[PDB]
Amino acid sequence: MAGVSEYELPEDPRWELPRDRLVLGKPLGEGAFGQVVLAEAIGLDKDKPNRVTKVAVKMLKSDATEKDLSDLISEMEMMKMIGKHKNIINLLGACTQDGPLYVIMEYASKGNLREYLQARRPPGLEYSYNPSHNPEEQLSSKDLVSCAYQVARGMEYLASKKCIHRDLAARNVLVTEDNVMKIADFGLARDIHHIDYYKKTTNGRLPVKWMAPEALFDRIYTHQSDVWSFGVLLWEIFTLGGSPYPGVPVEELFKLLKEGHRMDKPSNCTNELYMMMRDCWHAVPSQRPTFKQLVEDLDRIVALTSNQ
């Protein structure tokens, strides 16, 4: 709420970047946690100080409170501890001085995995209609499995760093210009207050369709609860950005999950891959597979899956 000049942002010479080295551009997306723009960083790598690098600059909004600021700092600080993996949105730098707080991150040009897939839906009948006015080339059967594999390695890494996402979804997986899957919003701080269940997001998405039952009833988040969400993500992949539990309302979702209701297999999906979803959707958290296993299985499947 107060001016940023009245606080003490953490300065870290390893990550700190002069504001005159950033060329801001068009917005990329808004949210309850703040604004993200496309930007150009000059001399990010200072082995190449005359290099420009396309980056994503995340920042607070006009209405941002002192809570929102602390969350953005904590998000930046934890990404440092977690470390670097190819398949996550990495920290590149930050502007903590001479102005508002900027957190510079890797830039994914092709948006999130949901809209990525929806814009590459073939006009057949096994999927719903392509909602994009700029449809791209459809993905092969191995591109989809490989897409799922990369999300697993990212989550496997986060798991090894004792990181729990608590909201793993296709909307939280970004895609670069080289079609690399990068997991996002893994560094967000968990709220101390009780969270609503009919609280749609900025994009109008219910986060309860990705929650594990234990995280839904007892609010218990573990690595296994993220494995549950990975099953839902897998479902989104092979439905090409489909929406989980179609026709099932929110208030009835709590009952049917308890009764053992699961989603049906998507049209174009192998039994093996659906079996993987079911293992993730196990009612017993300790019987769900680990990401280590999920990476082992998917890697084998990718080898067997065809491009043709």
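Each residue number is its position in the shown sequence, starting from 1.
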Subject >> Comparing 24-32 with 269-277, the one whose average Cα B-factor in the PDB entry is higher >> reply: 24-32
Original post:
If you average the Cα B factors in the entry, which is higher, 64-72 or 37-45?
Top reply: 37-45
**OP:** Could you say which of 58, 282, 262, 255 has its CA atom at the highest B factor, as listed in the PDB entry?
**Re:** 255
Original post:
Highest CA temperature factor in the entry: which of 192, 95, 232, 117?
Top reply: 192
Subject >> Chain third (lowest, middle, highest) by recorded CA B-factor, residue given as residue 177 >> reply: middle
Original post:
Going by the entry, which third of its chain does the Cα temperature factor of residue 83 land in?
Top reply: lowest
Subject >> Record-listed C-alpha B factor of residue 211: chain third >> reply: middle
Original post:
By its CA B factor, does residue 156 count among the lowest, middle or highest third of the modelled residues in the chain?
Top reply: lowest
Subject >> Position of residue 187 among the chain's modelled residues by C-alpha B-factor, lowest, middle or highest third >> reply: lowest
